[PDB]
Amino acid sequence: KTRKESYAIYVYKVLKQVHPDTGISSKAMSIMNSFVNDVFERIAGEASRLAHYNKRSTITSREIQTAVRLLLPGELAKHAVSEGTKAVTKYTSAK
Amino acid sequence: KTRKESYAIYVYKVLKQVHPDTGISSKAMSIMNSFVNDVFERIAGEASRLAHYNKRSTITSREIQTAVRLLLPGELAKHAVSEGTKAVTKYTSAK
Amino acid sequence: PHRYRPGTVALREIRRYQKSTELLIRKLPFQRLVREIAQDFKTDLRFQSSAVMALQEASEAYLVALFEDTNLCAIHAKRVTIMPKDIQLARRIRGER
Amino acid sequence: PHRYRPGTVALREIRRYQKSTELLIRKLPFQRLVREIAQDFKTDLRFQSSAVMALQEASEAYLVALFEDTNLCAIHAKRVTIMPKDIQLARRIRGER
Amino acid sequence: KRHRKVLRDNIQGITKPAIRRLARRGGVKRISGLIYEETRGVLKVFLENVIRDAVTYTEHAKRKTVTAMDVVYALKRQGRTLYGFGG
Amino acid sequence: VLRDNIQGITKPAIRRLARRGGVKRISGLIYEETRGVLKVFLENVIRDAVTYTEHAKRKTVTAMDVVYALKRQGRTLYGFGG
Amino acid sequence: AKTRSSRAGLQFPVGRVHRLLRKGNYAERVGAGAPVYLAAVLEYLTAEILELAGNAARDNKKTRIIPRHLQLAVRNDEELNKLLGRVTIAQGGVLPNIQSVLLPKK
Amino acid sequence: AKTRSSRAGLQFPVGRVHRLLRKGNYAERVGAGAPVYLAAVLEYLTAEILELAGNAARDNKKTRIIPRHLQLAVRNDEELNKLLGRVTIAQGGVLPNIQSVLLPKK
DNA sequence: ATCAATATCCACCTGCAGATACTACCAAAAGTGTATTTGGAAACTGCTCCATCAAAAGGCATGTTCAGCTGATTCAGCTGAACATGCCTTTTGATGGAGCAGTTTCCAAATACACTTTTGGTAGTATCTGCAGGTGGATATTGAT
DNA sequence: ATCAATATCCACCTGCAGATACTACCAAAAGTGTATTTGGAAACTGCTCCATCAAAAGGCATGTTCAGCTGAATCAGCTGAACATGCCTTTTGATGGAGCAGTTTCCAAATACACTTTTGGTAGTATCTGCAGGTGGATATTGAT
Ligand SMILES: [Mn+2]
Ligand SMILES: [Mn+2]
Ligand SMILES: [Mn+2]
Ligand SMILES: [Mn+2]
Ligand SMILES: [Mn+2]
Ligand SMILES: [Mn+2]
Ligand SMILES: [Mn+2]
Ligand SMILES: [Mn+2]
Ligand SMILES: [Mn+2]
Ligand SMILES: [Mn+2]
Ligand SMILES: [Mn+2]
Ligand SMILES: [Mn+2]
Ligand SMILES: [Mn+2]
Ligand SMILES: [Mn+2]
Ligand SMILES: [Mn+2]
């Protein structure tokens, strides 16, 4: 009765943080899920290529970061880059 | 020093089969090499997605074939497919 | 007997459709067209109804966006009436040619 | 005293440049611009010679194709003269705006 | 199986008012009489292109049923990515 | 006799490009419009090439950087590698 | 046992993202930081759109975000618009926009 | 030993194509026929372009294919033009083409 | 119309920048063979949801009328094409050095790999709720006069 | 400007589709811990090939003139918007059954080494040639009268 993952629950958590009294229709959630997969595929792809171009067999947070700068416009790139650095820095000290 | 592979020699061979008296300039050969790289990437790319969509671990000639039908316009697709099928036969039916 | 002038109802319809999101082509006729076209590629096909709805959302967004480009081509010509030359121009510039 | 009419040398020029493939912007001024624009992204950059060439080839192919669309846009408005609003329309429809 | 109706001229199922509505959403105020055939023609090209790639995915998978995903991937291939159907 | 780099893209040069694009007659205002359009074109491409340069930790922008930049802007170029 | 998400301080599933990078055939090897950075970009981006879409919903005196709100949110924002420049949001419709010359009188 | 190119009847290198598929991260596995098939497709298209580009060279009174001839071959062929619709051939120039309304009034 | 200016066509010529033939060599494909793991077709069948249909519900087709838009016509004035050449920017080619790229090295972090715990998905079953679509009924908008 | 048709804007208002809530399960995540391998960063340097600049080259800035193009104004004609009217076609809710998809079993084919032969790329070297420009002279195209 095969299992199908979505980002739904994570989208819902984040929604509660930013608008604690606002809901999301299942269609809007479907679109949110499509958007996360879409962006995921677009960053991983850029990352994939970027690594191939540089003869690297490893995708690291560094390839992810260049991918983010290639893919996102101006101000979203700036913020995504801080958000990502911050999570990795935090992550590094936490084991 | 480090090895730089190119389709140049194999492009030169095919030229001699098709216009034995006609030559090719460097810049033209460089364009032809890009062409071959570009088409490879496009077909391998599409074959990759097909395999993923169908939860398969292998890129087989069947995926190459479908990729070809997705990417090439009608008449170009038709000949490519037959040229491809023909070569997989000749390869099978030879010790 | 009351008469709105030509243009008036049309501006009212623009506001009305620009405000809403429902599909504007009737479902069944669209579904038949999809089946006619598909059958000419391959006989004995079935369709998930969500497949047909996906094609309908895609086609309707494609036509609305084309009509916008077409409107701009007409206005460039200093007309307010869209014509086949306007659509042809928009499609040529877009690379659909 | 001899004088060709307006448009006569223009046509002569169209035919000449459509026959050939050489780059039509002088290399040095193009290069300076490239380096200037690059300076805003990272300081103290050097450029492979072929890298500037690539950018020139790309930029000239782009502008030549844009002028074709621009010219269709002008002609759509029943003019034979290209104007910025023609460039604007082409780019808006190409999806660059 | 016994009999199944013949599909023809379904393009006319895209009526004048339906096309007019679409043009309204796209901001169009005045529509020349010949727009309706042109639009039908354009739509048919659009559909042929998407259905062909969708059906190709279908046959590749060895199904007789065209899925939402078949369509969603055909759209992505043609640079007309669609959100809202699993894709 | 100082002059902006962008103005180094001269009227006759822009005239030639238009000519290859089959343009017969040109309004005076087009030359500036073109320079602006080139500038945006080059900014988008160079921005991406430079990003490829920085990733590779070089100080030289390579043909490949540019080729890859062009490929991802959907403006594939053949003739310089790749 | 703290999830790798909580270690990085994220709602988005770092575990999931790490896995998907491998199954995804992107490179021979995935660095440990990569799914972390990626999951945070993903979370950031979805926060940005939910903020904006939430506002559109409120502006419309609605409590539930529907596809129309995501479309308003994306098309009214220069950067989201360009990022989803080649994307169609089903049941989004378009932005109210009527060209000047089409308006009556003078 | 006999090479797979010769077995296949191909100039294009089946070995290389095979290796490039593995190392290109396209799937965990690559079937034995796939590189044969693909090499053939690549060879075919190379032959089709060279055919037409050779001709364009002949027409222009020349024996050496330059990029100009590659361009002419591509843009005068409906199908090759569509496949390369988003490609720029360096040093290709354009097709000779003037809009009729610009032609001098006879 | 003839006519003269000046562009364009072609046949031939030749130096040289870039094509080419030939040798020597090597690291890294590329192949062949042997030991081993597994992806996915096959063969079966649970069960979701697709084609199909009857009745109900509402949009479409059609023809008449004329408002106002488009396209034709003319025109005057504005604006860009043509014009020729020496100043001055670009092109060319020669030359130190910066940095890309080749090589060696060595460990922080990669994968693998086995038991251990956790959790996201779904399925079964239940109550709750945001808002669509109906309603009437005060507030514009439009167009004739 | 003022009067009257009809669209529009709210506010409230009941049904209800879809959203939200628990309690149970569980396979597959996700984590954990050790054993094992290596990607690529780090540091040293050789030699392309890049920035610079001198001398050499040759394109463009320049202002004037006026041809012919653009945009303004006018307007007849006819196409397309609006609306009335008559009724067909789509939408909706219900149901056997096709085919998708869930689980399990099994081997032809893939991966993984290892060891063996080869080839494509490189580099030094010398040798070759297609064709860009040059020329010279006939012939066509354009614009003047
Ligand atoms: Mn690291
Ligand atoms: Mn032949
Ligand atoms: Mn048919
Ligand atoms: Mn298995
Ligand atoms: Mn009637
Ligand atoms: Mn005058
Ligand atoms: Mn140094
Ligand atoms: Mn749980
Ligand atoms: Mn309501
Ligand atoms: Mn190593
Ligand atoms: Mn005037
Ligand atoms: Mn008239
Ligand atoms: Mn069955
Ligand atoms: Mn050899
Ligand atoms: Mn010549």
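These numbers come from the heavy atoms of this one structure, side chains and all, not from hydrogens, waters or symmetry mates. Convention: sequence-line order gives letters A, B, ...; per-chain numbering from 1.
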TODO: Determine the contact category for E/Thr67: base if any of its heavy atoms lies under 4.0 Å from a base atom, sugar-phosphate if only primed atoms, P, OP1 or OP2 are that close, otherwise nothing.
DONE: nothing
Task: Pairwise 5' ranking along DNA chain J for D/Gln48 and H/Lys105, keeping only the more 5' one - done: D/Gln48
Task: J/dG59 phosphate, OP1 or OP2, under 4.0 Å from F/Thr10 side-chain N/O - done: no
Open item on the list: Mind checking if H/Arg7 touches a base, just sugar-phosphate, or nothing, with heavy atoms under 4.0 Å?
Closed with: sugar-phosphate
Check nucleotides 136-144 of chain J against the protein and report each pair of N or O atoms closer than 3.5 Å, with its distance, or say if there are none.
| from | atom 1 | to | atom 2 | distance (Å) |
| --- | --- | --- | --- | --- |
| J/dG143 | OP1 | D/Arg5 | N | 2.8 |
| J/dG143 | OP1 | D/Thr8 | OG1 | 2.9 |

Task: Side chain A/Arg56, main chain A/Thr58, donor-acceptor under 3.5 Å - done: no
- [ ] Quick one: label D/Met83 by what it contacts on the DNA or RNA (base, sugar-phosphate, nothing), any heavy atom closer than 4.0 Å.
- [x] sugar-phosphate
- [ ] Describe the nucleic acid contact of B/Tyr7 in one word from base, sugar-phosphate, nothing, applying a heavy-atom distance below 4.0 Å.
- [x] nothing
- [ ] Using a cut-off of strictly less than 4.0 Å, decide whether G/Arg19 has a side-chain nitrogen or oxygen near OP1 or OP2 of J/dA30.
- [x] yes
Task: N or O in side chain of A/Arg56 less than 4.0 angstrom from J/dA41 OP1/OP2 - done: yes
Task: Residue-phosphate contact under 4.0 Å: G/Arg64 side-chain N/O, J/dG18 OP1/OP2 - done: no
Task: Base-pairing assignment for I/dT34 (Watson-Crick or G-U wobble, both under 3.5 Å) - done: J/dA112
Task: I/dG59 OP1/OP2 closer than 4.0 Å to side-chain N/O of C/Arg26 - done: no
Open item on the list: Only pairs with both distances under 3.5 Å count, Watson-Crick or wobble alike; so what is the partner of J/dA1 in this structure?
Closed with: I/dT145
- [ ] Give a yes or no on whether the backbone of H/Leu102 and the side-chain of F/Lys24 come within a donor-acceptor separation of less than 3.5 Å.
- [x] yes
Open item on the list: Assess whether a salt bridge exists between G/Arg22 and H/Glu28, defined as any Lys/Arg side-chain N lying under 4.0 Å from an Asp/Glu carboxylate O.
Closed with: no
TODO: Consider the side chain of D/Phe47, meaning its heavy atoms from C-beta on, and name the nucleotide among J/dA101, J/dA51, I/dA29 that approaches it most closely.
DONE: J/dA51
TODO: May I have the distance from D/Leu24 (atom CG) to J/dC60 (atom P), rounded to whole angstrom?
DONE: 10 Å
Open item on the list: Classify E/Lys16 by what it touches in the nucleic acid, base, sugar-phosphate, or nothing, heavy-atom distance under 4.0 Å.
Closed with: nothing
TODO: Please work out if F/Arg16 contacts a base, only the sugar-phosphate, or nothing of the nucleic acid, heavy-atom cut-off 4.0 Å.
DONE: sugar-phosphate
TODO: Decide between north and south for I/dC53, the convention being positive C1'-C2'-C3'-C4' for north and negative for south.
DONE: north
- [ ] Describe the nucleic acid contact of A/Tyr10 in one word from base, sugar-phosphate, nothing, applying a heavy-atom distance below 4.0 Å.
- [x] sugar-phosphate
Task: Whole angstrom value for the distance that separates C1' of I/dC69 from CD1 of C/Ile75 - done: 14 Å
TODO: Using a heavy-atom cut-off of under 4.0 Å over every strand shown, decide if H/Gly31 touches base, sugar-phosphate, or nothing.
DONE: sugar-phosphate
- [ ] Give a yes/no answer on whether the side chain of H/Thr63 brings an N or O atom under 4.0 Å of OP1 or OP2 in J/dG130.
- [x] no
Task: J/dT48 OP1/OP2 closer than 4.0 Å to side-chain N/O of D/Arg46 - done: no
- [ ] Grab the CG-P distance between H/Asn60 and I/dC9 for me, whole Å please.
- [x] 14 Å
- [ ] Indicate whether OP1 or OP2 belonging to I/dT111 is found under 4.0 Å from a side-chain N or O atom of G/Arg22.
- [x] yes
Open item on the list: Going by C1'-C2'-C3'-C4' alone, is J/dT118 a north or a south sugar?
Closed with: north
Task: A/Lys1 vs I/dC47: side-chain N/O to OP1/OP2 distance below 4.0 Å - done: yes
Task: F/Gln7 vs H/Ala1, nearer the 5' end of DNA chain J by closest nucleotide - done: F/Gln7
TODO: When you get a sec, tell me which of I/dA19, J/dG99, J/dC50 is the closest nucleotide to the side chain of B/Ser25?
DONE: I/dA19
Task: For the student: nearest non-hydrogen atoms of C/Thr81 and C/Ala74, plus distance - done: O-CB, 3.6 Å
- [ ] Would you mind classifying the nucleic acid contact of D/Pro29 as base, sugar-phosphate or nothing, using non-hydrogen atoms under 4.0 angstrom?
- [x] sugar-phosphate
Task: Contact under 4.0 Å: D/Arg32 side-chain N or O vs J/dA51 OP1/OP2 - done: no
TODO: Using a heavy-atom cut-off of under 4.0 Å over every strand shown, decide if G/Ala32 touches base, sugar-phosphate, or nothing.
DONE: sugar-phosphate
- [ ] Ignoring backbone atoms, test whether A/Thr58 places a side-chain nitrogen or oxygen under 4.0 Å from the OP1 or OP2 oxygen of J/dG40.
- [x] yes
Open item on the list: Quick one: does any side-chain atom of E/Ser32 pair with a main-chain N or O of E/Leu34 as donor and acceptor, under 3.5 Å?
Closed with: yes
TODO: Using a cut-off of strictly less than 4.0 Å, decide whether B/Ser57 has a side-chain nitrogen or oxygen near OP1 or OP2 of I/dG40.
DONE: yes
Open item on the list: Regarding C/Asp44 and E/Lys1, does a basic nitrogen lie under 4.0 Å from an acidic carboxylate oxygen?
Closed with: yes
Task: Nearest listed nucleotide, side chain of D/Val80, among J/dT70, J/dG80, I/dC100 - done: J/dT70
TODO: I would like to know whether B/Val11 and B/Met29 meet side chain to side chain contact (heavy atoms under 4.5 Å, CB included); could you show each step before the answer?
DONE: CA-CA 8 Å; B/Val11 166; B/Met29 174 60 89; 3.6 Å; yes
- [ ] Please give the nucleotide sitting opposite I/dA138 as a Watson-Crick or G-U wobble pair, both distances under 3.5 Å, or none.
- [x] J/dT8
Open item on the list: Within the 4.0 Å heavy-atom criterion, would you say F/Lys57 contacts the bases, only the backbone, or no part of the nucleic acid?
Closed with: sugar-phosphate
- [ ] To the nearest 0.5 Å, tell me how far C/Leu23 CG sits from C/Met53 CE.
- [x] 5.0 Å
Open item on the list: Quick check on J/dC69: is either OP1 or OP2 less than 4.0 Å from any side-chain nitrogen or oxygen of F/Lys24?
Closed with: no
Task: C/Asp86 and D/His76 side chains, donor-acceptor separation under 3.5 Å - done: yes
TODO: Using the P atom as the reference point in each nucleotide, state the distance between J/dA30 and I/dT111 in Å, no decimals.
DONE: 16 Å
TODO: Using the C1' atom on both, measure I/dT135 against I/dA56 and round to a whole Å.
DONE: 23 Å
Task: C/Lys78 and D/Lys78, any side-chain heavy atoms less than 4.5 Å apart - done: no
- [ ] With a 3.5 angstrom cut-off on both distances, give the Watson-Crick or G-U wobble partner of J/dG63, or none if there isn't one.
- [x] I/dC83
TODO: Kindly say if H/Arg16 contacts the phosphate of I/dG31, meaning a side-chain N or O under 4.0 Å from OP1 or OP2.
DONE: no
Task: Over-ring placement of C/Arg12 relative to C/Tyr4, 6.0 Å and 45° cut-offs - done: yes
- [ ] Name the nucleic acid region contacted by D/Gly7, choosing base, sugar-phosphate or nothing; use a 4.0 angstrom heavy-atom cut-off, strictly under.
- [x] sugar-phosphate
TODO: Counting Watson-Crick and G-U wobble pairs only, both distances under 3.5 Å, name the nucleotide matched with I/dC107, or none.
DONE: J/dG39
Task: Whole-Å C1' distance, J/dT62 and J/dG137 - done: 36 Å
Task: Partner nucleotide, any strand, of I/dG121 [Watson-Crick/G-U, under 3.5 Å] - done: J/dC25
